[PDB]
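Presented below is the structure to which this report refers.
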Amino acid sequence: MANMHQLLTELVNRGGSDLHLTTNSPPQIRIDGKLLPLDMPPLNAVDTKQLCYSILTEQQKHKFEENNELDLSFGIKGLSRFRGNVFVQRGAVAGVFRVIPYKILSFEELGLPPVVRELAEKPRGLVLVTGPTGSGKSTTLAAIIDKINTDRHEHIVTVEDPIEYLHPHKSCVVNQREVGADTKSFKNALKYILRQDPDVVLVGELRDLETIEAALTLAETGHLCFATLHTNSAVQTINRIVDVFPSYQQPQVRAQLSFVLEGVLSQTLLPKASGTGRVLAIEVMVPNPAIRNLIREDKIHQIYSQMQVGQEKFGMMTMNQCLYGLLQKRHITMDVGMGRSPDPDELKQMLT
Amino acid sequence: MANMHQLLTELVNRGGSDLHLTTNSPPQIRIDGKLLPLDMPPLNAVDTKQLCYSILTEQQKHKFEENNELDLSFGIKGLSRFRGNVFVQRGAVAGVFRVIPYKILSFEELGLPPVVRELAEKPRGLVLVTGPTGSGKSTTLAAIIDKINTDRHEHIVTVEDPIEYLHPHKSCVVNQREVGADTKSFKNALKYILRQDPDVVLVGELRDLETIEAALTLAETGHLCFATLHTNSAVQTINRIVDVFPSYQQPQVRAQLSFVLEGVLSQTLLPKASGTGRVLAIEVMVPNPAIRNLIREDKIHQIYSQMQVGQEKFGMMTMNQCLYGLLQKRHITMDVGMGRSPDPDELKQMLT
Amino acid sequence: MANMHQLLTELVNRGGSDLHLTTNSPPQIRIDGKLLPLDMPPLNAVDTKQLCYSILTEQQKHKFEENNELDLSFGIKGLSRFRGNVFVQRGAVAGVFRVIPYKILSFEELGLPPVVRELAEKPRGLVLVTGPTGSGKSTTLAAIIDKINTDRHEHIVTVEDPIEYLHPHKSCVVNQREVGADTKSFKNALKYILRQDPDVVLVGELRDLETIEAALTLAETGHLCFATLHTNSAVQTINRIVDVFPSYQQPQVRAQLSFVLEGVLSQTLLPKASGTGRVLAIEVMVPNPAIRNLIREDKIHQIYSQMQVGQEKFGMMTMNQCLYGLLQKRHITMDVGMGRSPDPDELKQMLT
Amino acid sequence: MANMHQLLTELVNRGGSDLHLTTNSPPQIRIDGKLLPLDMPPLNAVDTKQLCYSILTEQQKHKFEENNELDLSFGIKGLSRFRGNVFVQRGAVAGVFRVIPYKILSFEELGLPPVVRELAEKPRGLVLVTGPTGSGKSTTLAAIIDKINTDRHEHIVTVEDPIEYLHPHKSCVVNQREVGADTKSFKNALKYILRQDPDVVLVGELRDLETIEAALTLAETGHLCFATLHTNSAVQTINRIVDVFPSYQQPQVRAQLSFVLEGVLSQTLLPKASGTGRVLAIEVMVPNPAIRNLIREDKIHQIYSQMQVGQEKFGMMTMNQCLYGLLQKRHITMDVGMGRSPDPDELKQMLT
Amino acid sequence: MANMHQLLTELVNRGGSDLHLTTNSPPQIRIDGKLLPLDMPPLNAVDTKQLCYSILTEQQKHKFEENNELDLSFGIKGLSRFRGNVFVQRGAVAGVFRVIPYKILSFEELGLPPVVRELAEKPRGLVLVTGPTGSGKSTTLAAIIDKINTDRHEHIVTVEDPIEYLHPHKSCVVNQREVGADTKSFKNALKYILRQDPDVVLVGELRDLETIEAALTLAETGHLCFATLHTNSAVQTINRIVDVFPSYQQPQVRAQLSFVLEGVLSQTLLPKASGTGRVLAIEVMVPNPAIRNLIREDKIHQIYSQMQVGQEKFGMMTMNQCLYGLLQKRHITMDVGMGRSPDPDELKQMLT
Ligand SMILES: Nc1ncnc2c1ncn2[C@@H]1O[C@H](COP(=O)(O)OP(=O)(O)OP(=O)(O)O)[C@@H](O)[C@H]1O
Ligand SMILES: Nc1ncnc2c1ncn2[C@@H]1O[C@H](COP(=O)(O)OP(=O)(O)OP(=O)(O)O)[C@@H](O)[C@H]1O
Ligand SMILES: Nc1ncnc2c1ncn2[C@@H]1O[C@H](COP(=O)(O)OP(=O)(O)OP(=O)(O)O)[C@@H](O)[C@H]1O
Ligand SMILES: Nc1ncnc2c1ncn2[C@@H]1O[C@H](COP(=O)(O)OP(=O)(O)OP(=O)(O)O)[C@@H](O)[C@H]1O
Ligand SMILES: Nc1ncnc2c1ncn2[C@@H]1O[C@H](COP(=O)(O)OP(=O)(O)OP(=O)(O)O)[C@@H](O)[C@H]1O
């Protein structure tokens, strides 16, 4: 297991995002999104199995061997937590491991504007931070969470599969439930969450319509609800959300959403223009009454225009506006911003 | 268990709403909505398990250990009843506990207007008191119930999961059924409720369409039916109610509702402007024939206008009208009322 | 068990409608709709269990203890039959008991007009007597049944859960089947009813669409079919009946109903104006060809007008017309009739 | 087993596509699409069973004998991999075997234009290579895959039933999962694929709507997704894709597809005009913004026109345009191209 | 069993279509469609059971005794194959047996025009031969199959329940799979058919929508697919085919059908006008581009007109046109042709 300790130590030490372990390759680490093979012998099935098994319970070993899959989380005392996935490929064990720092960075350390912190003082509603896997969403969510834990005397509940970031008690009481151990299911967690007197809730992935209904109920019943999506924009998010429902319930969903929605963020971690480190590009939508009317009226497409003009009033920001700030600040290259701009000529006009 | 007795004693003694118990935090109590950590050592899993187990049957212990969840209710002789939820988080026992006083307050003690008491003399129909969890709904419902028990020679049946407020016999015969012990299910309770010759019924949460159909049947079959929702307004409630049905049955539901509906209340407990205690803010809708026509005709949006003008005739009251009374009486601050007003300028006009 | 015999004896002797038995209350009896506690000690769980168990088979005891619910019927030789419901509340046995006289009253004793007796000579179709639970429906149905049994040489079959009124043989052969003992289910009864050569059928409650289809089949296949509903008017009944079907089958249902429907009654037992005894208020709809056209054409709302004008020709009678007769005869008070009148001014015009 | 080794050796040695083994026929090999019986005795059930069993595990033998079917893949060290199907016909074992070379050919060796190689540098999206079974799709896909493995430092994951082409590590980490051994199902693979930090994904056949949704999610969540279809054209492919969804979700699918779609290829292996060897005929669709608008707007039919004019800008190519190049180069005969041309006169005009 | 051998021998010897065996009747044979009782004692249950059991395996005996039904096929060496159905009626064994000659007749022997033989050279698509049971469909299909087996070096796969005609190897490799022995199901056969490298496929009856989708997939994926229906005309066939699909997929089905459909035949065996033997009457539809447009455009009714005019170009032939040829050739009587003519006056006009 000592080898594994050193690989995770190097992952941490090298600012690496993720460690990949598979047979016939040396361990490889993703740093700022790119793989680097380590100067190590190629792994065999014995190596991957013994190292991965060194951090498993008898039940977890039984579980992976029962399913050839295992999602899990674990902590290394004095170092960090990690999220692990173990699987089987070509008849051999393989593993992927995500870092979870013990220390959650602040908005300014993350390059996040102050308006998210003011959102952290909201007593209730749903504010969404979206983007692909590992785009800092759990980390961002954890920063907002830690700020509330520090600042409020409220009840924070998280439901996670598995628990990633740990939020020990500050000013809040924080309870963190791992699905399949602490609670039978997300569904079971929702079966008991209203009897646990929460104020703030982390619900994990918006996996199905039922979870969406649960989130709408939570945000409308006096709770602060946090959730994630893998969508890339506010409009794409809203269309995705409406269309999961049968046609007859989308009117209600639009009214509900207009009432309970407090924010939509769509974020990504990009390689920095300097060639070292990664930088966050984020599109920000803050609903105003006009936007809430657009939500109720099924006039989704014009929402982009509100984000184009909500910079001064509400701190809103289209992705192109974020690319503009990163480009003037030389945080990103011209090609990535233009390659993502829905109107590259527009971003040029904003830049010049 | 003596420790637990003292925490619940302090909860009662301190006018605290809810007690929160979890590991690595001292016991914390929500008083008037806000958490206060007690000057006690942080709890461990052993503490939470032994204390919570001290009030469990062997079956209840088996049940929580079987599910890592348990909703339950219990009484402390000479003190109070309590509703408990026990769950597991981070691999450790946690618990939340709601007070249930033995004495139910009256309308005037609760700040409830006399019209609800006149509603308590209604022989049948459905009157709904809604709001978020712990907004006094069960307490309000219990006060109306106790008034009927005191005043009528009728049959009161409650179905609860679990039984919260106890209503010993006054002038009525009162039977209280806990789902999963007294009856197999809400569904089973409804299977036998018509053969038990009831006059007044408490059905618990409107959890599904079937429960809605049961309530419509009860209110139309000569019974007085009580139910709760977590909606925040009459219009939001009605839209929610109609939209749960398939499109083809909403016409019937509108006709049924127009016939059987006798009242919709949407209430909340707010921190008082004085900074000590909590005050009820409540929106009141009493259907008149005009409103019943609006119900049948699917002209829901104009219902708000009827509540704006039903103050003198029927005692109706919009939320803004309630905020007006609380603001002139300095019961609530200007910011909370304005932050909840659908037209803050309108509330200002009413105030000045 | 002797105590129980005396309570049921008092129930019979006192003209009481229903006996209620539950812990921490003396036995209470509903007489003319209102509860009276008996001058007896409060019951405990032991009392209710021993008394109720004294009239149970080992299977029935097992059944209630298996389900904490039991619907049942039983006879007391030389006294009466009774319908019982036993359940559990607050962890204790409770029971409710309805009287079933051995002697069925006649139309004139019941205040029922002669046209129902002429309906009793109809060879086939469906005539419905509706109203809330215990509104005399089973008793009314039994009177019509007993008249046919007395007058016809036909085959009467009843399917009941449980069997209530017993109809020993007069001129008909009368077979009475209790669901769950005599037959597996209502569905099973319908599976075998056509092979039992019936002429007259009692089907119990119209519990689902399937039962409705069975009743339509029976009435169209040369049988006389009896059924109940808990609806309060002909129009409300018809709308309820049509809307249970998918939209595509309602046209057929309207044609079928127009063919097979022979009568709709909506009845209620009301406290008498004298303050002693109860009086039947009943709305009567007898389909004429015009009404049958209205049934086929989905022009339901105008049916009320036909009942307003079918007094002289067919003996039809709106609820207001019944209230008129009861008011001129001082059988009911002005407030109950007006409180139920869809147009109280209309009833006043009819009265003055 | 030595006999089987020689048949597969001849299959490889003779440039044969596929080996067919069944009773009462000698082994027959498909070379360039056409069967040739080998100068061997006819097989019996004993021959086919012993030879096929010589390459099976006890579980695989049990599996075929349990199901009379088995799909499988295997390698012959120093020779090649093979995909096998074993089944039963007329009560006897039969087998079919596809070659899988250890060496994947390059685009130029395959006659594939350079634009596919530039597509191989795309960081994400879905590019589809379609055509009938054994039309070189897995081989083409493997060539693109091997190019990425050679050129990128990324994570390649394949899910296959069974694994066909093996891609040992070059510059990427490549994990290959066989459904039913490495992973429980395609569904299970998708359950864990997002926790394995992939960059490039091979998903196998687009077998159902769920797989389509998974592919859309992968392409939108920052991954490069590879999939196959057995469709023969871009328009036929798109119509097939849209119509698998319920009508209410096709709008979203069109928006999603317009966002994530990066390429549609429809390919076939044809006998060469020379009479020796086979030649690829391929229709190429590369979405441009105009095409993406056509995708969003449900204006599918005009897509063919864009391919007719996307030769110079994007390297697009209709099937007729491919037939034109093959005909001028005398790679295919006039009859095959004309027999497949949707407008043979158009192809003639292009040729003359 | 010797008796049974003689009955089947007489069936073969007498040119009888089918043998019927049941108790209390002598064996009866259908010759040219009409039953003839044999000059034999009436059968009892013992006779039918022993004779039928004489050709059963222990499993087949168990199977019939388990189900009182059995479909099966068997061969008599040096004589013929037979398709058997064994069942139970009135508590006794009964059996019906269809002949399957070892020698398949040619098109000219069958009176089939040369165009079907040219269709036998088609590399792919679906050509359908329909008609009632025992109308020569399997025999016709077998003749086309045998011609391909003789003429091509391709892979022929049949899936049958049970296998009827046997096609030993000629120039093709022919594998014949009996459902329930060789393969688990038609569904399982389709699960493995694409991994068996087929060129030509016989799929049996088009039993459900899934089979239709499988056939469309096969015909579009480069295979030659054979299937049967019991429809009597091209238009009736097409309407039947479209309407099995949900309304939303019929557009796609029309496009698919227009692409993959290569022929529709609707055939019948009729008693000859001479009074000895039977003659085939067949309606022939060969799709042209105009017809393919009609398929895509849902303009089915006008397809009959194309068959009326496709005689010279494509060899198409309406049923009336076939009756015309048979009537001028005195193969059928005037009454049968006129009794089947959709316009008997039209057939008269064609004849005179
Ligand atoms: N502003 C940031 N700058 C650079 N790296 C960041 C930033 N925010 C988060 N990260 C890093 O992104 C990686 C993923 O973190 P995180 O798990 O929170 O993202 P995620 O989107 O929630 O992943 P998942 O979808 O699996 O939950 C981590 O290495 C984290 O340190
Ligand atoms: N007028 C009131 N003023 C102050 N506190 C009140 C008032 N009415 C009720 N409460 C308190 O609110 C808290 C919750 O009481 P209650 O359970 O009745 O509300 P609830 O909405 O029914 O909760 P749940 O949704 O779980 O059933 C209790 O502490 C109760 O004493
Ligand atoms: N005309 C009447 N006047 C006074 N009491 C009546 C009259 N008719 C019936 N009753 C009484 O009403 C009570 C209920 O009788 P019954 O069971 O027939 O009504 P029900 O509607 O069928 O009840 P359920 O719905 O449970 O079947 C009995 O006490 C009966 O004697
Ligand atoms: N350009 C090419 N020229 C000649 N043969 C080729 C070419 N590309 C692939 N092939 C051959 O086609 C045959 C099938 O290869 P492959 O399995 O990749 O096709 P496929 O469509 O993926 O089959 P399946 O649908 O079963 O996955 C092989 O013999 C392969 O060598
Ligand atoms: N041209 C023909 N002339 C006379 N008899 C024929 C002709 N073609 C086939 N038959 C005979 O028709 C009878 C049925 O043969 P066959 O099983 O092929 O028809 P089928 O429609 O496929 O029956 P099924 O629907 O059960 O598969 C046989 O006796 C066969 O010899």
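Chains as they are written, first to last, in the authors' numbering: chain C, 1 to 352; chain D, 1 to 352; chain E, 1 to 352; chain B, 1 to 352; chain A, 1 to 352. Yeah, the Cβ is synthetic: ideal placement off N, Cα and C, and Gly gets one too.
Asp243(A) classed as buried or exposed, judged by whether at least 16 other C-beta atoms fall within 10 angstroms: The residue in question, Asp243(A), is exposed, as its Cβ has fewer than 16 Cβ neighbours within 10 Å.
Beta-carbon separation (whole angstroms), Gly310(E) vs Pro113(E), contact threshold 8 Å: Contact flag wrong, Cβ pair sits at about 13 Å.
Reference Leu261(A), options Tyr102(A), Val86(A), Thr221(A), closest by Cα: Here the closest residue by C-alpha is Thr221(A).
Heavy atom of ligand 3 within 8 Å of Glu164(E) beta-carbon: Because some heavy atom of ligand 3 lies under 8 Å away, the Cβ of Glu164(E) counts as near it: yes.
Chain D contact residues for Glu65(E), given Cβ-Cβ distances below 7 Å: Close to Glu65(E), with beta-carbon spacing below 7 Å, lies no residue of chain D; the smallest spacing is near 13 Å.
Beta-carbon gap between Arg195(C) and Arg177(D) smaller than 9 Å: In this structure, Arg177(D) does not lie closer than 9 Å to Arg195(C) by Cβ.
Partners in chain E for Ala181(D), counting only beta-carbon separations shorter than 7 Å: The answer, in chain order, is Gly91.
Local conformation of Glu69(A) per DSSP, three classes: Strand.
Cβ-heavy atom distance, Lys137(E) to ligand 3, below 8 Å: For ligand 3, a non-hydrogen atom lies closer than 8 Å to the CB of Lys137(E).
Distance cut-off 8 Å: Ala2(B) Cβ against heavy atoms of ligand 4: Checking the Cβ of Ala2(B) against ligand 4 gives no.
Chain D contacts from the stretch 233 to 250 of chain C (Cβ-Cβ distance under 9 Å): Within the stretch 233 to 250 of chain C, the residues whose Cβ lies closer than 9 Å to any Cβ of chain D are, in chain order, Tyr248, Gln249.
Coarse secondary structure for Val264(D), derived from DSSP in three states: In the structure shown, the three-state DSSP call for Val264(D) is strand.
CA nearest to the CA of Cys225(E), picked from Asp199(E), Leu209(E), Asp18(E), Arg98(E): Comparing Cα positions, the closest option is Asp199(E).
Cross-chain neighbours of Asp71(B) in chain A, by beta carbon under 8 Å: Residues of chain A whose Cβ lies closer than 8 Å to the Cβ of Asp71(B) are, in chain order, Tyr192, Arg195.
Beta strand (DSSP E) segments (min. 3 residues) lying fully within the stretch 73 to 124 of chain C: Listed in chain order, they are 80 to 89, 92 to 100.
Any 3 or more C-beta pairs closer than 8 Å across the stretch 225 to 239 of chain A and the stretch 182 to 190 of chain A: Judged by Cβ distances under 8 Å, the stretch 225 to 239 of chain A makes no contact with the stretch 182 to 190 of chain A, as fewer than three pairs qualify.
Buried versus exposed call for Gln59(C) [16 or more other C-beta atoms within 10 Å across all chains shown]: Exposed: under 16 other Cβ atoms inside 10 Å.
Distance, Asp298(E) Cα to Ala120(C) Cα: Distance from the CA of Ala120(C) to the CA of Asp298(E), rounded to the nearest whole angstrom, comes to 57 Å.
Chain E contacts from the stretch 217 to 232 of chain D (Cβ-Cβ distance under 9 Å): Those would be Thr217, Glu220, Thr221, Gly222, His223, in chain order.
Any C-beta of chain D under 9 Å from that of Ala214(E): No, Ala214(E) does not count as interfacial toward chain D.
Residue-chain proximity (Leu36(D), chain C), Cβ-Cβ < 9 Å: Closer than 9 Å: yes.
Segment contact flag, the stretch 84 to 95 of chain B with the stretch 162 to 180 of chain A, C-beta cutoff 8 Å, min 3 pairs: A contact exists between the stretch 84 to 95 of chain B and the stretch 162 to 180 of chain A.
Three-state class that DSSP yields for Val286(A) in the structure shown: If DSSP states are grouped into helix, strand and coil, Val286(A) belongs with coil.
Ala215(E) - DSSP class collapsed to helix/strand/coil: Here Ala215(E) sits in helix by DSSP.
Cβ contact (3+ pairs, closer than 8 Å) linking the stretch 274 to 285 of chain D and the stretch 326 to 335 of chain D: Verdict: yes, contact present.
Closer than 8 Å: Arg30(D) CB and nearest ligand 1 heavy atom: Annotation for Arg30(D) indicates a beta carbon at 8 Å or more from all heavy atoms of ligand 1.
Under 8 Å by beta carbon: chain A residues contacting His20(B): By Cβ distance, chain A contributes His155, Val173, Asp197.
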